[PDB]
Amino acid sequence: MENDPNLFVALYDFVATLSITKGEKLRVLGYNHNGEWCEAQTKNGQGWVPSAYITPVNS
Ligand code: NA
Ligand code: NA
């Protein structure tokens with residue numbers, strides 16, 4: 001499915017900033033300067049998540 005380009009999925013659990021669970025869909029709204037941190041929105045709120053822990057859904 002073509003998804004929002006800022007729709008990401010968590011690759012790993014990440015615990016706080018936003019806590020995410022592997023497989024969780026997140027909406028990335030923003031990056032820090034180098035994009036290693038994402039201001040992301042999930043079903044649980046917004047906060048920073050590391051890019052290293054997430055990946056865009058689209059391919
Ligand atoms: Na991806
Ligand atoms: Na794909």
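Counting from 1, the numbers follow the sequence of the chain as shown. Order of listing sets the numbers, starting from 1, for every ligand and every atom in it.
- Contact annotation: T55 places an N, O or S atom under 3.0 Å from the Na ion (ligand 1).
- Backbone or side-chain N, O or S atoms of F8 do not reach the Na ion (ligand 1) at under 3.0 Å.
- For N58, every N, O or S atom stays at 3.0 Å or more from the Na ion (ligand 2).
- Within the 4.5 Å cutoff, the side chain of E39 has no heavy atoms near those of the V28 side chain.
- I20 places none of its side-chain heavy atoms less than 4.5 Å from the side chain of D13.
- Side-chain atoms of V9 and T55, non-hydrogen and from C-beta on, do get closer than 4.5 Å to each other.
- Applying ring pair (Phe, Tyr, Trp, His ring centres under 6.0 Å) to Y53 and the options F14, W37, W48 leaves one that passes, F14.
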